[PDB]
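Commentary on secondary and tertiary structure
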Amino acid sequence: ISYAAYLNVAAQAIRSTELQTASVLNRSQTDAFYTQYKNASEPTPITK
Amino acid sequence: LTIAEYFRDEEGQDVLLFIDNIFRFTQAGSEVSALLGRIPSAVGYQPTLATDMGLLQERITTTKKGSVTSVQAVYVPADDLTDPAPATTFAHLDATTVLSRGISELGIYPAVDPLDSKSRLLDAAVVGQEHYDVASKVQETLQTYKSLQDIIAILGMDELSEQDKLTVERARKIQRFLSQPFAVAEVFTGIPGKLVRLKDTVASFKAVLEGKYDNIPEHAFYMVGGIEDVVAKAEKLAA
Amino acid sequence: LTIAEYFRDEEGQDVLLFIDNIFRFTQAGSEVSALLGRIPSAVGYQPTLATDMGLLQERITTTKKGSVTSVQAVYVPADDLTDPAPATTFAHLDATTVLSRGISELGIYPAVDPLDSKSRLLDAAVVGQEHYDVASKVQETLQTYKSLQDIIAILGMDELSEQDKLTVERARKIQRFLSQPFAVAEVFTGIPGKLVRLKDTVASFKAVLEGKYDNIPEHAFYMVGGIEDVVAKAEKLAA
Amino acid sequence: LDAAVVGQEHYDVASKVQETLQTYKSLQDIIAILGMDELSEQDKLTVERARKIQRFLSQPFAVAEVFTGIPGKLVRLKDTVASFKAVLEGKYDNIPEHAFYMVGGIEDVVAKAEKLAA
Amino acid sequence: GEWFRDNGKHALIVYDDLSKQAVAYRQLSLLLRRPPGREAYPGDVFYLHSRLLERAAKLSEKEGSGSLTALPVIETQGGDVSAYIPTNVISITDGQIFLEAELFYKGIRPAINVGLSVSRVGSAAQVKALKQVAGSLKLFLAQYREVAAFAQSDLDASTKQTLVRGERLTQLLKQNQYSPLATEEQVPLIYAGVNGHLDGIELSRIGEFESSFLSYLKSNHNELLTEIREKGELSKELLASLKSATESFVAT
Amino acid sequence: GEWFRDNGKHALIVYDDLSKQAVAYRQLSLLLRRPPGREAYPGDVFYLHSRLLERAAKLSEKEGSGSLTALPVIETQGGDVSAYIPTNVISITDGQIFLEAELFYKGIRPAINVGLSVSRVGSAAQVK
Amino acid sequence: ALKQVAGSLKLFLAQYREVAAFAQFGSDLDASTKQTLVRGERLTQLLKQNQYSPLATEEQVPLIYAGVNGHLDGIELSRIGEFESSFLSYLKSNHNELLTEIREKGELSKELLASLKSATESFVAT
Amino acid sequence: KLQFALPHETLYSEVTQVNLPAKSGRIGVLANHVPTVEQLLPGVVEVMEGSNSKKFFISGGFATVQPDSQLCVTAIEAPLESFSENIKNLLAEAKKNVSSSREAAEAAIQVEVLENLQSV
Amino acid sequence: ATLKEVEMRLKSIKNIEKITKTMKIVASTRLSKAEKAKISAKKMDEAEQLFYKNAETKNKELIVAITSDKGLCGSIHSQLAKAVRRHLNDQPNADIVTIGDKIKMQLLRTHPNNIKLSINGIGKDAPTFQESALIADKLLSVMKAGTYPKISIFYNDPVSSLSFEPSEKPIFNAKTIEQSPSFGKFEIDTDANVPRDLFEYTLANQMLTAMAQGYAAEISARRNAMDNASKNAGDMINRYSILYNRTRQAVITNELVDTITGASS
């Protein structure tokens, strides 16, 4: 776990019923996916 | 017709009448009309289109003597459903299966346009409230999808909202679940004909609408019978 | 028309003639021609469409005795401005008055569209150089206001240049100043009616355009006659 | 326009030219509404080339001198065929469109291009 | 129908439908070899329908105050109101109730297109009680249509509110066939919708809402319904009684 | 106009406008029962105009050198220059000055559309 | 024989033009949508044909088999014309028993299919 | 002069004192502070304008006192009890039982943040 | 040509036009959200970045390209990819990580071997620290980011709402932070690796700063894009409606001629 990640956990525990607005929830949710690339083809897609 | 009328009245019993294609009746009427000294009416048809049709169709009826179940094939010129022939034909029917080209070019057979096909008997008082409701939501799901087909084009599938995406996803399945291998169509498919019972048809679609089959890929609904045939084709594809 | 004609021919009056609706005049001719066996012209109209229109319109005019001035309600088929019926009629119209739900919803009476209504006579050689110049900038101001409505709805009132934040404040006033209480509508309104002389109207607007009345609040422009009524009403809404 | 009558090379150039002109036409509407930026870099290239070919198809006529202001050009078939073949082979893409407009064969394009530099 | 109007009674006449009549009239004309025009219709086909439709009227006091009301039907082809006969009747009558296949399959039944419908008579024809609640409804839907396009994530407070009402008010106007409501049944429902008492209730339940709300009103508030039915107006007192009755029921 | 051409002087003729003339012409043709064609104009509506504008000419040395110049006016509908009558008269005249409604409303008057306007013979007659 | 090799080919091409409709959206695709887009584009090219040059069924059957069964999917599109007359030339010499079997039996036994499967794969690497 | 900033909202960007949960322990950065860089643990931050002070709870981040006496506090999340007991408890028991269920790395770090916030 | 044809083409555009304009107001709305993300990240950009100026920090290379997954936004992805390409000559042996598919597509057409990781499904909501930090966590792990002597972030810089500016900025590793000229201007506790933390925090942060500006730049481009789309879409509608009316009128005349010809005999 990287220092940024470490800080996310703390930051998103500082989140995880009101004061918990829309953009607050939607900072605790990421739609992102990573896909590794080589030679290009890939190493099959996975959630972040 | 005169033959089938005798069976209706003098054998006093159920007769089926199959007519392919009733359009040719009106068209043939057209072909002589100009020579019979008639000023042609709109789109070049005879001035007597509708009343000619009346005198014909009104004879093809069930009466207090006996029963006629007629099935008529109706050609629709240039695909235009407002051409006065199919246009005037509609009001004469109790149930109307409208086959569409759009549908057939997606490889859905039979190409029945699910929104435009109508029946006097789709009524809670006839099919029961459940049968009715399933049909209704089915129609709504598909129409929602139809409306949303232009946002699909410009802004991609991704730009849809929460419940809409799911509905659109449920539509695509339902759309394919309405396709069916006909026995007479076997040389066009290679697939054996399937005949589905009405109570299953309701049961199946009701279930799909409740999302009990959303983890099943699209190709499993296409050209199959009841619900069990989907479950079974989804394991043949998983294999 | 003939009734109006005699007031010009025998009393030498400036008569008004109202035709509601001129389109029904054209369709009626269309119908009669058809009935008389004449081969219909383009888009089904009579072949005599233009001379028929002439034979009416050319009788409406200034002579040396007086004038018949006709206000004719115009309906546009299919909203196709180029349909023979309007196309022919528009060849005789000296001007337009457009009453628009888009104006009456903002509470402006009469509901004239200040930009859609146009005149052939709005020209220096007909109205004088002054009259034209007031009207012109009155028209140019309301346009700049119209194209600034969209940024006011999303950004904010403060996102404008020195001269443009003044001219929206100016138009907003001009706009309310174009409304007028009518004399005949008093039975329904209770507000006594103003008949505003032309010289008044030119001078009244000329004075605002130079910016003599930016100190005046907006409500002093609503339902008033001359500029002397703006001076008067503003003092009531204070003291 | 048959590979036997005009020879395979002439035919092939003519076909590839028409293809390119057709792609652009197939896109006129997307280009018109959404503009060049919405196209795949493949199409972006085929369009940009089509736009050159189109201009290159123009020609100052001797009889039309009073309207072009430029003296007429007559271009020879073999010189025409070799010129377009070369534009297809992406050897002139780094050149401005206007250079292709209202000239003769390829040698005038380079000429107009070098002149319009200054 | 004119027998009634002429003897101080009131008739309603439904011509189902004048498309098919026009077609018949055309048949005779073409066969009698009368000059044909647009779509082969005779030059007097407008006069066929105006002659007819002008016979609906409300008579004066002197004349017994009788009345005939006409609901002609016209069948259009793929929505084309510019077709010859649709144009004739549309310009002859006092307004259109305009129906659509789209709205139909969407679920909106009756499939009335509010945008393209009107009564030119308007309010003078409407029970005051309804007019009072329906004044706004005309709007809350008009703006809903101008903004309906936005129902596809980043929507500010003002524009989302209008989306909530519109949805609900549209659902309120959904109606089962052969099930007309009484005016005193109608205004409560529209009162609830219009003023925002439905905004809370989730969309799939506005059906059962209308259903129970009326039966709860009959059980416990029969008096207000009766006052609406009999006096047709809403007094300031009634609005308050209605405001209370509604919030009361909404809470459960 | 021709008297001046025929006698050695120069006359200018303005037809305001031919559109309305062709409309007047179709009326007679229809009332005469001549088959309607495109836009219900008779087959010879082109001939109507062509025989007219052909009379605008510049005469040789041997004929006094008289000139008739024609400026026909045509009215388009919604700027459509593709209509039957417009293209007919375009195909008879030696060019056209096209006036764009878009420029005219903007204030640009004369509202000449440059691309769409051409004189076909003028250059060789325009003052050097 | 031709019916066999053209299994779902007409519908397959419909799936292709449905797929290539979604490509215009400037969209990147997955394993299912790129794989089919690629093959259809090659099948299209395979159906291009010069005038006055009709083919024999024994010549047609192989090419379609080579198209529908994946054997063209990794060949440059400008080279599909040259693949034709080269694959034909190759079968005429080396596998002339294969063609005679098709021109005379008009069908494909499991043995012919396996014999063809191998004969194609062989030619892919020249 | 103070520059306090979150990524979503920037709070300060003229102050007499600030108190930070730095590297090891709480600090108080006065008007003239020796330039320093310290990680901020997830804790409570206080800003002074005389004796005027608004506390903030913080995700953690970095503080730097500059050569020109400027402070730069940067964290992800920042009011205290007016913003963020049972709300935190239904997440704190979910962590102790998540250590025995790798995934156990992040779930165990959540507990050191919980019982720290619980002391406020 | 035929009324039925012209009816559908006119009605098709009538939708595209209402579409693009709905997406032009959806953009304008999302722009208030945009400056609350730009400004709030440009201020965290003065403060975070200032340490490095004073400490005077300077420096196989790792390129991180940032745009999005969504088109219809002018030349956002086109010219950013052009800035990366221009830079890529001066060192073709770079390793590329792509944030956004549209930019991945661009660089995959030109430098496919250089791309080693692609971050997906981005353009939707505004960029958050979680995405920022979890991408960072992937770079450190899968790309082994900490070992490159050079790391670069390419992103679009919104100068205004009318045009943008393809930009670049460096991310310094632990080694480089430590060894900087004025690193000993600060009383840094020499103990538990602060340069390590300061690097891995700045790796997430300056990515977010970049995304947050690129976002803003895109929304303001998409708006201007839709604005002209709607302008052209609407201008086409006028020309087609005009064509419609001609073709409508022509259909009435021609049917009327057939009927008149038929009665003539």
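Method of determination for the deposited model, per the PDB record: X-ray crystallography, at 3.19 Å resolution.

1. Brief notes about the interface of chain A and chain I
Listed by partner, the interface residues are 25 residues for chain A and 29 residues for chain I. Counting residues per element, the ones that place at least two in the side of chain A that touches chain I are helix 1 (3-13) and strand 1 (33-36) of chain A. It is helix 1 of chain A that contributes the most residues to the side of chain A that touches chain I, six residues altogether. Residues belonging to the side of chain A that touches chain I are distributed by class as follows: 10 nonpolar, 11 polar and four charged.

2. What to know about helix 12 (residues 227-236) of chain C
Residues and elements named next belong to chain C. Those residues of helix 12 not exposed but buried are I227, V230 and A234. When helix 12 is viewed along its axis, its buried side chains cluster within an angular range of 40° and face the same direction. Exposed and oriented more than 90 degrees from the buried face of helix 12 are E228, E235 and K236.

3. Brief notes about the nonpolar core
Counting residues in hydrophobic clusters, the biggest one holds 50 residues, and the most contacted among them are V37 of chain H together with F51, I99, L139, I153 and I177 of chain I. Secondary-structure elements contributing two or more residues to this core are helix 1 of chain A together with helix 1 (3-54), strand 1 (62-66), strand 2 (95-99), strand 3 (115-120), helix 4 (129-141), strand 4 (151-157) and helix 6 (194-264) of chain I. Discounting chain neighbours no more than four positions away, the residues touching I99 of chain I are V64, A65, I66, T67, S68, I119, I122, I135, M207 and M211 of chain I. Counting 30 residues, the second largest nonpolar core, distinct from the first, contains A129, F209, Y216 and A245 of chain E.

4. Focus on the arrangement of the chains
For the non-touching pair chain A and chain C, the nearest C-alpha separation works out to 21 Å. Of all C-alpha pairs spanning chain E and chain F, none lies closer than 14 Å, and the two are not in contact.

5. A look at the sheet that holds strand 2 (residues 57-58) of chain E
Residue and element names in this part refer to chain E. Taken together, three strands build an open sheet; the order of strands is 1-3-2 and the sheet is mixed. Looking at the sheet topology across the chains shown, the edges are occupied by strand 1 (10-15) and strand 2. Pairing of strand 2 with strand 3 (residues 67-72), which is carried by two bridges, proceeds in the antiparallel orientation. By the bridge assignment, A57 is partnered in strand 3 with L68.

Basis of the calculations
Residues numbered from 1 in each chain as written, not as in the entry; some residues may be left out. Chains lettered and ligands numbered in written order. Part of a larger assembly, values for the part shown. Heavy atoms only, no water. Residues with missing side-chain atoms left out of burial classes, pairs and counts. Contact = heavy atoms within 4.5 Å. Helix = DSSP H or I, 4+ residues; strand = E, 2+ residues; numbered from the N terminus. Nonpolar A, V, L, I, M, F, W, Y, C, P; charged D, E, K, R; others polar. Buried < 20%, exposed > 50% of the residue type's maximum accessible area, 1.4 Å probe, protein only. Arc of directions from axis to C-beta. Core = buried A, V, L, I, M, F, W, Y, C linked by side-chain atoms within 4.5 Å. Pairing = 2+ DSSP bridges.

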